[PDB]
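Visitor: This is the structure, below, for whatever I ask next.
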Amino acid sequence: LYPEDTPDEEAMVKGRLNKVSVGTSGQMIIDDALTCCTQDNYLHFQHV
Amino acid sequence: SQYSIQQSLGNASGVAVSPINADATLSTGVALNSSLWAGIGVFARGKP
């Protein structure tokens, strides 16, 4: 939609927003597993 | 773009390789077995 813009990886990770990317072979993938927890411990990962 | 390789990888998902260390293999090239002679003089031809 907005080819002229660019992600904000550090700001996104600090703001707990999962981001899409382009993996191998060129298919889009989901490349983050962060939840809505603000505390920086084991709880902000998705699988725990 | 793609195929690019980063080096820092700070607090964000991704892969990165550090620049080659090559610090424990530091040699020194002086070529001690070489001798040259320098002198002044008066000659017939040459730039003074």
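Chain labels A, B, ... are given in the sequence in which chains occur in the structure tokens; within each chain residues are numbered consecutively from 1, and ligands are likewise numbered from 1 in the order shown.
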Would you kindly report the residues of chain B within 9 Å of chain A, using only C-alpha atoms, as a ChimeraX atom specification?

Guide: /B:2,10-14

Visitor: Can you list, as a list in words, all residues belonging to chain A that DSSP tags as alpha helix (DSSP H)?

Guide: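 Taking chain A and keeping alpha helix (DSSP H) only, one gets residues 9, 10, 11, 12, 13 and 14 of chain A.
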
Visitor: Take atom CA of residue 27 of chain A and atom CA of residue 1 of chain A and report the distance between them in Å, one decimal.

Guide: 16.8 Å

Visitor: When distances are computed from only C-alpha atoms, which of A:30, A:43, A:37, A:48 shows the smallest separation from residue 18 of chain A?

Guide: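 Looking only at the distances to residue 18 of chain A, the closest residue turns out to be A:30.
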
Visitor: Rounded to one decimal place, report the atom CA of residue 4 of chain B-atom CA of residue 16 of chain B distance in Å.

Guide: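 Interatomic distance here is 9.6 Å.
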
Visitor: Find the distance between atom CA of residue 7 of chain B and atom CA of residue 19 of chain B and write it in Å to one decimal.

Guide: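 Atom-to-atom, atom CA of residue 7 of chain B and atom CA of residue 19 of chain B are spaced 7.3 Å apart.
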
Visitor: Here is a test: counting only C-alpha atoms, which residue of A:2, A:8, A:29, A:17 is nearest to residue 45 of chain A?

Guide: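 Closest to residue 45 of chain A, using only C-alpha atoms: A:17.
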